[PDB]
Number of protein chains: 10
Amino acid sequence: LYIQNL
Amino acid sequence: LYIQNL
Amino acid sequence: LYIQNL
Amino acid sequence: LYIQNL
Amino acid sequence: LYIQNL
Amino acid sequence: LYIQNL
Amino acid sequence: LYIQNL
Amino acid sequence: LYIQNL
Amino acid sequence: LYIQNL
Amino acid sequence: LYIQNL
């Protein structure tokens, strides 16, 4: 599970 | 589980 | 579990 | 468990 | 458990 | 499992 | 498991 | 497990 | 396990 | 386990 907010 | 907010 | 806020 | 706030 | 606030 | 990004 | 980023 | 970043 | 970063 | 960073 990989979550990135950029 | 990887969470990054940038 | 890895959490980074930048 | 790794938490970093920068 | 590693917590860093910078 | 609940995930929300806003 | 609950994850929210805002 | 509850995670919130705001 | 509860984690909140604000 | 409770963790809060503010």
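Above this text sits the structure in question.
Residues numbered from 1 in each chain as written, not as in the entry; some residues may be left out. Chains lettered and ligands numbered in written order. Heavy atoms only, no water.

(A) Region of the structure containing the nonpolar core. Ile3(A), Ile3(B), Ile3(C), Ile3(D), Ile3(G), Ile3(H), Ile3(I) and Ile3(J) together form the largest nonpolar core, which totals eight residues. Ignoring any residue separated from it by four or fewer positions in sequence, one finds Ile3(J) in contact with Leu1(D), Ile3(D), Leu1(E), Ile3(E), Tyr2(I), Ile3(I) and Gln4(I). (Core = buried A, V, L, I, M, F, W, Y, C linked by side-chain atoms within 4.5 Å. Buried < 20%, exposed > 50% of the residue type's maximum accessible area, 1.4 Å probe, protein only. Contact = heavy atoms within 4.5 Å.)

(B) View of the interface of chain H and chain G. Of the residues lining the interface, six residues belong to chain H; the matching set on chain G comes to six residues. Carbon and sulfur atoms make up 49% of the surface buried where chain H meets chain G, a total of about 580 Å² over both sides. Scanning the region where chain H abuts chain G turns up zero salt bridges. Seen at the junction of chain H and chain G, the total is seven residue pairs in polar contact. Pairing of strand β1 (residues 2-5) of chain G with strand β1 (residues 2-5) of chain H, which is carried by four bridges, proceeds in the parallel orientation. Bridge pairing links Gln4(G) to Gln4(H) in β1(H). (Buried area = accessible area lost by both parts, 1.4 Å probe. Salt bridge = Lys/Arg side-chain N within 4 Å of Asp/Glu carboxyl O. Polar contact = N/O pair within 3.5 Å; in protein donor to acceptor, adjacent residues only side chain to side chain. Pairing = 2+ DSSP bridges. Helix = DSSP H or I, 4+ residues; strand = E, 2+ residues; numbered from the N terminus.)

(C) Structural context of the environment of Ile3(A). Relative to the helices and strands, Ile3(A) is located in strand β1 (residues 2-5). When neighbours within four sequence positions are excluded, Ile3(A) is seen to be in contact with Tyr2(B), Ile3(B), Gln4(B), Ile3(F), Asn5(F), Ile3(G) and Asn5(G).

(D) Region of interest: the packing of aromatic side chains. By the definition in use, this model includes eight aromatic pairs over all chains. Between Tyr2(G) and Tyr2(H) the ring centres are 4.8 Å apart and the planes differ by 0°, which places this aromatic pair in the stacked class. Of the two residues, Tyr2(G) sits in strand β1 while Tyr2(H) sits in strand β1, which places them in two different chains. Its relative accessible area of 24% is what places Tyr2(G) among the partly exposed residues. Put simply, the rings of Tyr2(A), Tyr2(B), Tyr2(C), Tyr2(D) and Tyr2(E) touch in pairs and so form one group of aromatic residues. (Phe/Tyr/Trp six-rings, centres within 6.5 Å; stacked < 30°, edge-to-face > 60°.)

(E) Representation of the arrangement of the chains within the structure. Separated throughout, chain A and chain D approach each other most closely at a C-alpha pair spaced 15 Å apart. Without any contact between them, chain B and chain D keep their closest C-alpha atoms 10 Å apart.

(F) Looking closely at the environment of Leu6(H). Within the secondary structure layout, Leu6(H) lies in the segment after β1. Beyond its immediate chain neighbours, meaning those up to four positions away, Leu6(H) contacts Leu6(G), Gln4(I), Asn5(I) and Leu6(I).

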